[PDB]
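First up is the structure itself, then whatever we jot down about it.
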Amino acid sequence: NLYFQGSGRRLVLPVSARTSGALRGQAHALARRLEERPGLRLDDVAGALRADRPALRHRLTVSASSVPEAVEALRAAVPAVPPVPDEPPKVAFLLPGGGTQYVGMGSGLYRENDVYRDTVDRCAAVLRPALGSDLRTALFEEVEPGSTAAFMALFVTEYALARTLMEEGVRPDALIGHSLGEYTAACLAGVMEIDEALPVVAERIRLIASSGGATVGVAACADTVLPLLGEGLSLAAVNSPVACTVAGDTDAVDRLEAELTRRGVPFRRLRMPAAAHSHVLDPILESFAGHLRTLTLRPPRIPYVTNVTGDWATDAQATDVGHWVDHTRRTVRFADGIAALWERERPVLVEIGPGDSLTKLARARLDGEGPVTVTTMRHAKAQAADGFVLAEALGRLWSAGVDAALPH
Ligand SMILES: *C(=O)[C@@H](CCCC#C)C(=O)O
C-alpha cells in the first residue's frame, strides 16, 4: 500500500564544535548524556541542538527514529565533510540520465513527503494523455524495462525529488543534467514548464526507442576510444577520464566490442537497445523539433551547463529549438560540463535521482580538487529506507554549511 503516512519519527541531530577533535568528543558526550537521562526525549534533544547551540565550523549529524539508534550512531560518528567555509557554499544539482531507474524508486518519499507525493500526482495526471497509462503504476508497481513509462518514471522522480529538496530550503545555485537529466534541469531552471515538457519528453523517448541501434559503455577515456570508431558509430557521451559511451547500429557496435575485447578495454553493452546521441537518430530529428516547437522556452533563472557544449547555457541556446535538437543528436559532454560547473562555483554537488552515477564521474573528473558530494536516493538493491537516505543527505548538507538544509 502507498497510502500517505506523513513524516516519521526520523530526526536529524546536529553537532558542531570548533575543532575536528572537539566534534568527536562532543558527539560522544551527547551519547553518554542520552544513555544516562531517560527523561530526555529525542524530539527535545533535536530542538535543543538547534536553538541552544551555535552552529560552529566543524559539523556532523546523525539520523535517528529513537534514542538507542541515536546513541549508537553518535558513538560511530566520524566527521565526514571539511569545516564549513567562511562564505556559505554554493549548491549544484546533478540530474542523472537513463540507466538508474527501477520499480519502487521514491516509494518511501511518496508516502512520507507531501511535496513529493503532490509533484508525482500532478505529473502523473498531466502525462496520462501522452503516456496512455497512470505513471504511478510504472513508478511503484511494475513496468516494462526500457519502455516510455520506465524513462518517464525517472524524469518525474528527479523532478519530484528536486522540488522536495527546494521546499526544505535547499535551492540550487546551478544545475547540470546528463542526457535526459538535462530536461529536468531545464524545468527546474525555468527554461521549460514541467506540464508542457512532460508529454514532449514522452514522445521524444518513443522516437528515440523506435530508431533502434545499440549503445556500449566503455571504461576508458574518449581519446583512447575515438581511433576505434567506426563508420556507423558515434561518441554518445564523454563522461570522465575512465568513462565514455558509443552508440550506432548494432552490427558496428558488435565489431567495436570485438576490437575493445582484443585490446583489453573493459566495456558493457547498455541494456536499452537504442542509440541516443548518434547518427541513428537523424531520421526523427525534424519530427522531434515539431514537438519541441510546442514548448514555451524562457531564459534560465537558475544557471545550468548543457551537455551540447559542456559549458554554461546561453539564453540564446536555452530558447532555441535547434539547440535542443542538438542536445538529442550530439555527444553528451558531461566531463567538460562538470569541470565548467566546478571551476566557477566550487559548489557542493548534490545528485538528484537514484544512485551515484554522476557522483562517481564528478569525483573522477574533479580529482583531486576535493569536491563535496551528496547522494539523495538509493540504488535499486539498497536496503535503506528512502526517508533515511534523504535525512542523511540533508544532515550532510547542513554539515557542509548549507544551513537551510537542517529540518524542523
Ligand atoms: C539519455 O539519458 C538519453 C536516454 C534515452 C532513452 C530512450 C529512448 C536521452 O537522450 O534522453
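In what follows, residues are counted from 1 in the order of the sequence shown. Order of appearance sets the numbers: ligands from 1, and atoms from 1 within every ligand. Every heavy atom of this structure was used, including side-chain atoms; hydrogens, water molecules and symmetry mates were not.
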Between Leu188, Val120, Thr164, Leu198, which is the residue that forms a side-chain contact (heavy atoms from CB on, under 4.5 Å) with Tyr159?
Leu188
Only counting residues at least two apart or in another chain, list the ones meeting side chain to side chain contact (heavy atoms under 4.5 Å, CB included) with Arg117.
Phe4, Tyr110, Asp114, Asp121
Apply side chain to side chain contact (heavy atoms under 4.5 Å, CB included) to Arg59 and list each qualifying residue two or more places apart in sequence or on a separate chain.
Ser16, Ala55, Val84, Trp398, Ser399, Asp403
Is the shortest side-chain N to carboxylate O distance from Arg122 to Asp195 below 4.0 Å?
yes
Report the C-alpha distance between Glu112 and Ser7 in whole Å, list the side-chain angles of each, state the deciding distance to 0.1 Å, and finish with yes or no for side-chain hydrogen bond (donor to acceptor under 3.5 Å, both in side chains).
CA-CA 5 Å; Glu112 294 182 21; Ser7 16; over 6 Å; no
Please tabulate, for the side chains in residues 237-245, all donor-acceptor contacts under 3.5 angstrom to protein atoms that are two or more places apart in sequence or on a different chain.
from	atom 1	to	atom 2	distance (Å)
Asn239	OD1	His178	NE2	2.7
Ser240	OG	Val242	N	3.1
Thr245	OG1	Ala237	N	3.1

Quick check on ligand 1: any N or O pairs to the protein under 3.5 Å? One line per pair.
from	atom 1	to	atom 2	distance (Å)
ligand 1	2 (O)	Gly98	N	3.2
ligand 1	2 (O)	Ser179	OG	2.0
ligand 1	2 (O)	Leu180	N	2.9
ligand 1	10 (O)	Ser179	OG	3.0
ligand 1	10 (O)	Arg204	NH2	2.8
ligand 1	10 (O)	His277	NE2	3.0
ligand 1	11 (O)	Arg204	NH1	2.8

